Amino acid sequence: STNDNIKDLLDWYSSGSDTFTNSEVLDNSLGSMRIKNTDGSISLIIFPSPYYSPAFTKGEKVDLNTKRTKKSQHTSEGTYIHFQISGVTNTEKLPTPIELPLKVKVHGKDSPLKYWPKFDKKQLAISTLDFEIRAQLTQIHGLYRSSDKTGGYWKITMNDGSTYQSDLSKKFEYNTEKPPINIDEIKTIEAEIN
């Protein structure tokens, strides 16, 4: 028996993500962007953070690794629109797709990984890393599905000593999100469940 906030977390992190590559910027206002995907849909993405306010200009190409905030819509004008939050990075690729060094501990015990993917984009938003990591945990390790797996944290340590961490008992802090990072510079990723 989990409390309600954990149930909300279980629904958010087990609902997948939206991936679009080489999309085009149509407009860039404060706190948002309007983007046209190669399939013909439009994405309206919000950016609630002052530290990560995309500065792309009309016509520039960008990748999308985002989460939808709600059901897409078929407009009268005949367009298909997605409503998403964060997750826009440059289209720059890595030579060879790398596997991110994630180590997981569930109550101190080392929990081995299953279906943990490789990444080939040189840059990933911190919120994207947040949901990839938390999806591995909810799907493979039982996070949020029971009272004994409702807290903990994940921590990324960069080659230079910089770290990023997130508390597993709360949804990701989008309002304070930092700029995307070069995944090739990540030294390690730790995650512990309690």
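In this text, residue numbers run from 1 along the sequence as written.
Student: State which stretch shows the higher mean Cα B factor in the entry: 133-141 or 155-163.
Tutor: The deposited B-factors put 155-163 ahead on the C-alpha mean.
Student: Quick check on the record: does 56-64 or 40-48 carry the larger mean Cα temperature factor?
Tutor: Of 56-64 and 40-48, the stretch with the higher C-alpha B-factor average is 56-64.
Student: Please pick out which of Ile85, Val88, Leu100, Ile81 has the largest Cα B-factor as recorded in the entry.
Tutor: Going by the entry's C-alpha B-factors, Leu100 comes out highest.
Student: Among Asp18, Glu173, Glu24, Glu185, which carries the highest Cα B-factor?
Tutor: Highest C-alpha B-factor among the listed residues goes to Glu185.
Student: Split into thirds by Cα B-factor across the chain's modelled residues, where does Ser147 land: lowest, middle or highest?
Tutor: CA B-factor rank for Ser147: highest third.
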